[PDB]
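Notes for the one structure printed next.
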Ligand code: HEM
Ligand code: HEM
Ligand code: HEM
Ligand code: HEM
């Protein structure tokens with residue numbers, strides 16, 4: 001990542017305001033709703049038939065919280081994402097078989113979620129910093145694929 | 001790039017058999033033909049109205065050889081494509097206004113030309129190595145965009 | 001393809017944009033310039049400074065075109081033909097840039113329409129922007 | 001949209017493929033797996049080793065479908081309806097991957113049909129695979 005210090009502060013300031021539990025559920029739910037093909041990984045999650053079914057599904061909510069939890073940790077090691085995400089990268093590839101493009105889709109969904117939540121506070125330049133961040137995480141997560 | 005010594009040799013050796021002149025003129029011509037919108041940067045070259053007209057345009061052929069020339073020189077600095085293309089990277093941005101996606105398109109065209117030329121010799125494992133190279137070069141060229 | 005639901009969704013959300021379309025258009029462009037700097041290569045002739053009249057002027061044109069696509073949601077290929085021709089033949093914008101603008105358009109709406117920007121509306125808007133992009137790029141080769 | 005020349009170009013080129021389409025099918029997959037290792041995520045149940053009968057068999061399958069599409073160059077949507085269904089509702093392959101297989105198939109044809117892989121033919125085949133891709137991903141949402 002190429003985060004100027006002022007980009008790193010802006011990311012950090014906003015992230016302080018986020019409810020990871022809530023944003024987590026929102027981002028994952030929205031992903032399964034906007035790009036329904038992504039549902040392929042969650043057939044044991046139950047009913048994902050409609051938006052309400054997805055957004056309110058206790059399993060989607062719980063998973064979302066887990067994913068954003070792992071992501072928040074990533075934010076504290078912005079210096080070593082590849083390091084931070086290595087075992088997770090290995091897992092997604094070797095066990096889960098999750099195409100890395102999924103990580104970019106979720107990144108974009110997340111940016112929309114932050115925009116949704118923060119309104120005007122999500123300024124053009126704050127968005128640019130988050131764009132760098134979600135790309136770094138996606139990259140980090142795809143680094144161990146082979 | 002992140003080329004294996006073996007992948008390094010494979011590239012290195014096929015290249016030694018390349019007529020830069022012919023390959024460069026063909027890579028560039030094919031680009032102008034398969035992805036017609038790339039012609040936006042070559043208005044001054046002349047008649048690009050037909051495949052025949054592009055493939056024949058000497059301004060095209062000569063530009064192709066200059067492009068492959070520089071590419072060719074880059075294969076000698078596979079461990080620092082970044083520092084090797086920094087000035088070219090700035091030029092393309094600041095002076096030429098070339099969208100880096102073009103770099104990717106050419107890379108792929110380049111790979112089709114090599115296959116076209118070397119048939120049998122251009123094996124799946126050899127293509128894999130060239131793919132890492134073209135991606136590497138495109139990334140290096142895009143590097144100083146701002 | 002856009003379903004009846006999608007169409008209602010889009011007319012509804014776009015309905016709300018109303019008279020802010022222009023400003024929202026301008027804003028989407030700025031977000032795109034800042035997050036995806038490579039898109040600037042198409043506007044070498046523009047003052048891309050914050051609050052550039054050029055960008056403001058340009059934002060209106062894009063918004064007007066989108067507004068026009070919503071008005072003709074059942075005949076977009078035809079309502080947008082001219083623009084399809086322009087992009088294909090003169091501007092020759094690489095296809096991939098369309099997805100970048102779309103994304104920045106989604107971000108702007110989200111940031112402005114918290115109440116309407118539901119999961120379902122988000123999905124409909126995404127498919128819509130994808131359709132518009134497809135039209136504008138249909139005549140490229 | 002495929003022009004009459006394109007359709008012609010495609011039928012010619014594919015015409016030449018003939019009894020080797022299965023083999024080319026297989027070789028393109030092999031090229032894809034090696035060049036774009038992320039594509040392997042959709043075949044965890046296959047033996048992806050060189051000359052694996054699973055890959056061979058799959059290569060055949062893909063080739064045949066391509067053949068069928070050249071034959072129905074005029075009615076693709078209809079000729080490949082079942083396949084669009086399968087991918088959209090069962091397989092759910094991410095749309096980015098279609099470009100990777102398409103590229104590997106071009107490379108394969110290049111390598112095997114030197115005389116026939118002219119610039120004009122190259123252009124036609126690319127547009128063809130793009131059209132095929134579009135169809136196969138049209139019911140995704
Ligand atoms: C920011 C990106 C992501 C992060 C940080 C992340 C993190 C995690 C973590 C911490 C787990 C649990 C690990 C374990 O079970 O030991 C997990 C599991 C999983 N993730 Fe990811 N994930 C991300 C994106 C995605 C995406 C986009 C998808 C699919 C579209 C996905 C699919 C899965 C699946 C299918 C599981 C296993 C669920 C189960 O327990 O059955 N992940 N992820
Ligand atoms: C492998 C990737 C590429 C390399 C190594 C490369 C290298 C070069 C070099 C060495 C020059 C010489 C110009 C000078 O030094 O003043 C040049 C010029 C130029 N290149 Fe690139 N190039 C690449 C890709 C592209 C692509 C894909 C395009 C457009 C489709 C492009 C558009 C141009 C243009 C418009 C010029 C200026 C030529 C002139 O002055 O008439 N380049 N490039
Ligand atoms: C769905 C998305 C898009 C819409 C609705 C749109 C619409 C328009 C319109 C209405 C115009 C003005 C034409 C006139 O003078 O009447 C225009 C011009 C232009 N567009 Fe697009 N466009 C879109 C995507 C893009 C993208 C993605 C780019 C590049 C990143 C782009 C680059 C340009 C440029 C360079 C011009 C010329 C502006 C000038 O010089 O005044 N467009 N577009
Ligand atoms: C050129 C475009 C493509 C065509 C014509 C095509 C065609 C086919 C055909 C004919 C089948 C077999 C259907 C059956 O068993 O009756 C199939 C299955 C499948 N395809 Fe697609 N395919 C294409 C692109 C892709 C891509 C890009 C991927 C993934 C990267 C993919 C992944 C799969 C998978 C995973 C299967 C099931 C294999 C198995 O379990 O046997 N396809 N496809």
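We place every Cβ from the backbone using ideal geometry, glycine too, and count neighbours over all the protein chains shown. Read-outs: derived from the displayed coordinates by stated rules, not from any lab.
Rg/Rh for chain D stands at 0.94; both radii use Cα atoms, and Rh follows the Kirkwood definition.
What ranking do D:87, D:58 get, fewest neighbouring Cβ atoms within 10 angstrom at the top?
On the way: D:87 21, D:58 16.
Arranged by neighbour count, lowest to highest, D:87, D:58 become D:58, D:87.
Summary for residue B:56: label point 7 Å along Cα→Cβ; distances to the equivalent points in the other copies, ascending, 7.0 nm. Closest approach of a chain C beta carbon to the axis mapping chain C onto chain D (residue, whole Å): C:134, 4. Each other copy holds its own label point for residue A:121; taking that point as 7 Å from Cα along Cα to Cβ, the gaps run 6.2 nm, nearest first.
Quick one: B:117, A:116, fewest Cβ neighbours within 10 Å first, how do they rank? Write out the running numbers ahead of the final one.
Numbers: B:117 19, A:116 23.
Starting with the residue having the fewest Cβ neighbours, the order is B:117, A:116.
Residue of chain A with the smallest Cβ distance to the axis mapping A onto B, distance rounded to whole Å: A:139, 6.
Between D:41, D:118, D:67, the Gaussian network model of chain D with springs among Cα atoms under 10 angstrom shows the greatest mean-square fluctuation at D:41.
The calculated P(r) of the protein assembly as shown, using every Cα pair and 10 Å bins from 0, goes 3, 16, 27, 29, 20, 6, 0 in percent. Label-point spacing at residue D:16 relative to the other copies reads 5.6 nm, in ascending order, each point sitting 7 Å out from Cα along Cα→Cβ.
Taking 0.36 nm per residue of sequence separation and removing the Cα-Cα distance, the residue C:61/residue C:82 pair yields an extension gain of 6.2 nm. Rounded to the nearest 0.05, what FRET efficiency do residue B:12 and residue B:87 have when you use their Cβ-Cβ distance and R0 = 35 Å? Once rounded, the FRET efficiency stands at 0.90.
Could you work out the helix-only [θ] at 222 nm for chain D, with each DSSP H run of four or more residues adding -39,500 (n - 2.57) and the total divided by the number of residues, to the nearest 500 deg cm²/dmol? Write down the numbers at each step before the final one.
Values: 7 runs with 92 residues, N = 141.
Per the formula, -20500 deg cm²/dmol.
Taking a point 7 Å out from the Cα of residue A:120 in the direction of its Cβ, the residues of the range C:1-38 whose backbone N falls within less than 19 Å of it are C:17-31. Over chain A, dividing the summed -39,500 (n - 2.57) contributions of all DSSP H runs of at least 4 residues by the number of residues returns a 222 nm mean residue ellipticity of -21500 deg cm²/dmol.
Need one value for A:122-131: mean number of C-beta atoms belonging to other chains within 10 Å of its residues' C-beta atoms. Mind showing how you got there, number by number?
On the way: counts 5, 4, 14, 5, 2, 10, 7, 2, 2, 7.
Mean number of neighbouring Cβ atoms from other chains: 6.
Spin-label pair residue A:2-residue C:53: with each label point 7 Å from Cα along the Cα-Cβ axis, the two points sit 3.3 nm from one another. Within the listed set B:91, B:28, B:106, the residue fluctuating most in the Gaussian network model of chain B (springs between alpha-carbon atoms under 10 angstrom) is B:91. For the pair the range C:1-38 / the range B:1-48, the C-alpha centres are spaced 39 Å from each other. Just to verify a number: FRET efficiency for residue D:23 and residue A:79, C-beta to C-beta distance, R0 = 60 Å, to 0.05? With a Förster radius of 60 Å, E is 0.75. The mean count of C-beta atoms from other chains within 10 Å of the C-beta of residues in C:125-131, rounded to a whole number, is 2.
What's the FRET efficiency of residue B:21 with residue B:94 using the Cβ-Cβ distance as r and R₀ = 30 Å, to the nearest 0.05?
Values: r = 29 Å, r/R0 = 0.97.
E between residue B:21 and residue B:94, to the nearest 0.05, is 0.55.
For the peptides B:12-19, A:61-68, A:31-38, residues were scored by their other Cβ atoms within 10 Å and the scores averaged per peptide; the highest-first order is A:31-38, A:61-68, B:12-19.
Across chain B, the convex hull enclosing all Cα atoms gives 100 Å³ per residue.
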